[PDB]
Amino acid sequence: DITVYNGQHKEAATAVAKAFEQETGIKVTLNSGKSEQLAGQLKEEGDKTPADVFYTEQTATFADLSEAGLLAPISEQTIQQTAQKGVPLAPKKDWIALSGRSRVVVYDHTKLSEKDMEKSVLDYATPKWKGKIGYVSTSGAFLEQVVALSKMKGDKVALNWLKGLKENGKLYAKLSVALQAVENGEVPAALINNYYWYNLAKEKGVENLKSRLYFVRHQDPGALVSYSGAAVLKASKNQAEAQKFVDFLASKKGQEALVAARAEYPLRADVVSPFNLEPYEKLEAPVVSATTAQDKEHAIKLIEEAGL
């Protein structure tokens, strides 16, 4: 039996855990919380951690554990199972990217078509979208987007975009609220994450939705994907079962379990999502270095400078 510190969505972790125990007979105990909290706990606990695996929504959280010497090597053959072009790789081969979530533009297709959409996410922060583009400055993926813009285009472009949103955008408190505002006709478009639309479409039926998605693609900053993943703790005294769980997460069956529970893009090529997601490779996501705490702090300051 193993203990998994879980930063991923609980329903998703519960589903992959249940599929693991059904396939192997090895029981999984989840200890859930926020990834950066669990990461900090794993560093404090050090060689006395009870954690066998760290399962996360954000592979950026692994960098600090890796450089603190806290993560175990995993099999190169497992890592290759999800190593599509564009997928982040652990340089020390001590964690694995498993699935992703994408930034996207949702839009009311009864008011707009793909003709009205922009080539770059940068262009939505312009006077043509005055009063007409929703955004959610508070979510974690919004912060990652700012970090991505700074790294790919510099602080001046990132700040200009934030200022553009302040002036031209409509602020919503949560992503679900932005999505509903497009559906209900309050605003013709919003910047959101993919799974919100795919979840709504699964429950209500796409035929009953006014909104559709537009992916910028072309390695645009707006094509940003955030990656979920897993690591084995070096301090684990049950390496065989821990490695077995991570191998399972990268297997056809483990990926199937994940993609049914949550509308993340699988990173195995031979797995198809029931949420009707396009293949990861078609997103054409940019390659971006992992977010550090310092990147966050810098981005937070940009958001404040822009007036939010």
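Just count from 1 along the sequence shown to find any residue number.
- The deposited model assigns a higher average Cα B-factor to 156 to 164 than to the other stretch when 156 to 164 and 222 to 230 are compared.
- Between 27 to 35 and 239 to 247, it is 27 to 35 that carries the larger average Cα temperature factor according to the deposited entry.
- The maximum CA B-factor among the listed residues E118, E203, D94, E144, taken from the PDB record, is found at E203.
- When the CA B factors of the chain's modelled residues are split into thirds, the value for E284 lands in the lowest one.
- Looking at the C-alpha B-factors along this chain, the one for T56 belongs to the lowest third.
- For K111, the recorded CA B-factor ranks within the highest third of the chain. Only modelled residues enter the ranking.
- When the modelled residues of the chain are ordered by C-alpha B-factor, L122 sits in the lowest third.
- Ranked by C-alpha B-factor against the other modelled residues of its chain, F275 falls in the highest third.
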